[PDB]
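Visitor:
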Amino acid sequence: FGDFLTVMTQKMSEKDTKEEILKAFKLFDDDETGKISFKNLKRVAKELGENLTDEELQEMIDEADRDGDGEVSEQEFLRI
């Protein structure tokens with residue numbers, strides 16, 4: 086989630102170093118369950134500041150889902 090944040094804002098000097106993985110994922114899951122899938126990445130890509138393409142958001146899922154099934158859960162959020 087750190088590289089997706091810097092990519093969507095486009096300003097390479099903004100806020101945090103650690104802590105941001107827990108604050109960015111918990112403000113992403115509005116239902117409080119704790120599971121981000123590729124469709125919620127589309128909602129946040131448009132609402133942040135500078136939107137990406139379908140293929141580029143899927144490279145962000147592959148770096149985030151190393152121990153999962155195509156979505157980032159609680160175990161890849163706390164692994165920090």
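First residue of the sequence shown: 86, per UniProt numbering; consecutive thereafter.
The C-beta atom is built at its ideal place from N, Cα and C for all residues, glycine as well.
1) Sort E105, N125, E99, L137 by Cα distance to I165 and report the nearest one.
2) Kindly indicate which three-state DSSP category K100 falls into: helix, strand or coil?
3) So which of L137, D101, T102 has the shortest CA-CA distance to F89?
4) In the DSSP output, which residue or residues are listed as bridge partners for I146?
5) Can you grab the Cα-Cα spacing for the pair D139 / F162, in whole Å?
6) Go to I121, then tell me how far its alpha helix (DSSP H) extends in each direction, as first and last residue.
Guide: Taking the geometry as given:
1) Here residue 165 refers to the residue found at position 80 when the sequence shown is read from its first residue. Cα-wise, what sits closest to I165 is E105.
2) Here residue 100 refers to the residue found at position 15 of the sequence shown. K100: coil per DSSP, three-state reduction.
3) Stepping through the sequence shown from its first residue, residue 89 is reached at position 4. Among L137, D101, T102, the Cα nearest to that of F89 is on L137.
4) If you number the sequence shown from 1, residue 146 lands on position 61. Its beta-bridge partners do not exist; DSSP assigns none.
5) One-based indexing of the sequence shown puts residue 139 at position 54. One-based indexing of the sequence shown puts residue 162 at position 77. If I take the Cα positions, the gap works out to 22 Å.
6) Within the sequence shown, numbered from 1, the residue matching residue 121 stands at position 36. Careful: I121 lies outside any alpha helix (DSSP H), inside the beta strand (DSSP E) at 120–122.
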